[PDB]
Amino acid sequence: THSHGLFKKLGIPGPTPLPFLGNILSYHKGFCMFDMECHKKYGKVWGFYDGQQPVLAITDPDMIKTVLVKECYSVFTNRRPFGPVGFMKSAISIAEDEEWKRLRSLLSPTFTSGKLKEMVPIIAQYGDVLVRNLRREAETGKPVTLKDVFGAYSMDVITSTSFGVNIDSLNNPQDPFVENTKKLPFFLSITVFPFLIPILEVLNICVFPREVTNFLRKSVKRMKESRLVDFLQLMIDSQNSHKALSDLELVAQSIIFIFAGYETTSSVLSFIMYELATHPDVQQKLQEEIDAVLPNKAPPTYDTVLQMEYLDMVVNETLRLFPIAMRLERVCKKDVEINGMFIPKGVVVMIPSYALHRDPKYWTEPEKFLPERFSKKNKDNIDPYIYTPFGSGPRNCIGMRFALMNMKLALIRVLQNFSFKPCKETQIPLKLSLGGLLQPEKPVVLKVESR
Ligand code: HEM
Ligand SMILES: CC(C)(C)OC(=O)N[C@@H](CS[C@@H](Cc1ccccc1)C(=O)NCc1cccnc1)Cc1ccccc1
């Protein structure tokens, strides 16, 4: 202290920080609003302080490529630490430097296209469960809360695709697994007081509810020794030039994978159904393409999913409006200069995806939901370091091809059987949580009708 003079010295503009808090009072309207304002207020780069932590935002595409791709292993390897995490230190998304690079290698084959194609049948099964649970609510003309029914589905896929466990979480039952995965203001006090993280680490408070972790750690070791197609197997087969995945390291990835796909798959689906209900032509155009590819409600396959181009456009455009990461971040581990700009060690470098995804300077009518932006005609003009819903470079989203496949399979099955219409209780226009997550203020509730 006080690092509140850093950006002023480097000649980088940005809002004036208050003592101790830095700029965090400016988050009262959410991260996203704050990044847009800073983008409009200050232009291509700017700096601010999460408490005493300097954060440098960058928006130039070349400079974003340098940070995410060119200098990843060498400088910008790690995300901003948050804690306390206990043993979750060994999870790929949290691990650092050579330990991370190792975990990436051990888990990357698990997410190939070829392995993903063998998971499609298991992913296809619970699409049927989703429809039947939907129809029970469609035949009873009662508005439906999407996060529930989609979560029930996303939960169904996860437990099976990761552990082989096979539940209808929505109804079926208090089956022992649905629950420790139910625990699926603290993190702000972390920002003003990030000097307390190692305190909680010596106290062993895990941000991961210590009981969940205790359940799965033993739950995993039950599964391991009962077997001795899914992620757990794909990892068990891996630990059979890098030290094999240890037994606790394996448990921690599974947790990463359960969360990774739970609220993301679920919330993105709910974003898509929201837009599709408030844009009936896009819903119809989509159902037409689905029926042409899969006549007679033919079951989707890996190859027919990749065949649907407008399905791809609707997905991409929703992720434009609602990039659930909001920001991409990397810690500067060494004094460096990138694209003619000095960047001191210890600075956090931030890529404001949300702000970039809604920047009029790259997007005509950036608030409108317009899938044609992603037509094979137009998709070529889109700068991949502006549109970055899965990140970029060696630490991009390892689950990208799975998530897209998983969501597309869900949508196809549901649009083959139902049309979705706004209720009087639908929030139009949907508003984002002023909080710290990308979620609607109020949950998306719609009317479901059988075709
Ligand atoms: C719509 C769904 C998803 C979206 C939009 C998404 C987006 C993102 C983004 C933006 C990042 C940071 C990328 C970067 O820093 O360059 C990330 C990281 C990551 N995602 Fe996803 N994600 C999704 C689903 C999933 C799923 C289903 C998994 C399943 C296992 C997964 C596993 C991961 C992991 C492990 C990381 C960190 C990888 C690393 O640091 O080595 N994600 N995701
Ligand atoms: C304090 C706040 C909430 C701001 O930060 C966190 O704690 N969240 C990070 C910790 S990483 C790690 C954290 C996590 C595990 C379980 C529950 C909640 C968080 C993770 O892998 N989650 C998977 C994921 C989510 C989405 C896509 N792909 C993968 C999450 C993350 C990581 C990379 C990109 C975007 C988000």
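Residues 27 to 210, 218 to 261, 269 to 280, 286 to 496 (the authors' numbering) make up the sequence shown, in order.
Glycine is no exception: its CB is placed at the ideal position from the N, C-alpha and C atoms.
Check	Outcome
Have a look at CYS64, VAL175 and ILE317 and flag the residue whose alpha-carbon is nearest the alpha-carbon of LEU356.	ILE317
Tell me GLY73's beta-bridge partners as DSSP assigns them.	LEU82
Are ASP428 and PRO87 closer than 7 Å when you measure CB to CB?	yes
To which residues does DSSP link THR171 through a beta bridge?	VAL490
Where does the unbroken alpha helix (DSSP H) through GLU320 begin, and where does it stop?	292–322
Buried or exposed, going by whether 16 or more other CB atoms sit within 10 Å of the CB of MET358?	buried
Using 8 Å as the threshold, is the region 287–294 in touch with the region 312–332, meaning 3 or more CB pairs across them?	no
Is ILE443 helix, strand or coil when you go by DSSP?	coil
From this set, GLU63, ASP336 and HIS30, which residue's C-alpha is nearest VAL81's C-alpha?	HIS30
Compute the distance between the beta-carbons of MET445 and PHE435, then report whether it is under 7 Å.	yes
Let's see if you can read the secondary structure: which residues bound the alpha helix (DSSP H) around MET59?	56–68
Name the two residues that bound the continuous beta strand (DSSP E) containing residue 514.	The chain is shown from 27 up to 496; residue 514 falls before or after that span and cannot be answered.
Do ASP61 and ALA400 come within 7 Å of each other at the CB atom, strictly closer than that value?	yes
With a 10 Å radius around its C-beta and 16 neighbouring C-beta atoms as the bar for buried, classify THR433 as buried or exposed.	buried
Please classify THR92: is it buried, with 16 or more other beta-carbons within 10 angstroms of its beta-carbon, or exposed?	buried
Could you tell me the distance, in whole angstroms, from the CA atom of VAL111 to the CA atom of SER252?	20 Å
Which of the three DSSP states, helix, strand or coil, is assigned to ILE238?	coil
Examine ligand 2 and report whether any of its heavy atoms sits within less than 6 Å of the Cβ of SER119.	yes
Measuring straight from C-alpha to C-alpha, what distance separates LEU133 and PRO43?	41 Å
By DSSP, does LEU331 sit in helix, in strand, or in coil?	helix
So for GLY48, helix, strand or coil by DSSP?	strand
Would you say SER188 and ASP270 are within 7 Å of each other, going by their C-beta atoms?	yes
Going by C-alpha to C-alpha distance, which of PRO416, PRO169 and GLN298 sits closest to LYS469?	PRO169
Residues in the same chain with beta-carbon distance under 6 Å from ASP404, minus the five sequence neighbours each way, listed in chain order, please.	none
Anyone know if the C-beta pair for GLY140 and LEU454 falls short of 7 Å?	no
Any idea if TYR75 is buried or exposed, counting beta-carbon neighbours within 10 angstroms, 16 or more meaning buried?	buried
Could you check which residue in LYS492, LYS487 and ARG440 has the C-alpha nearest to that of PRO467?	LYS492
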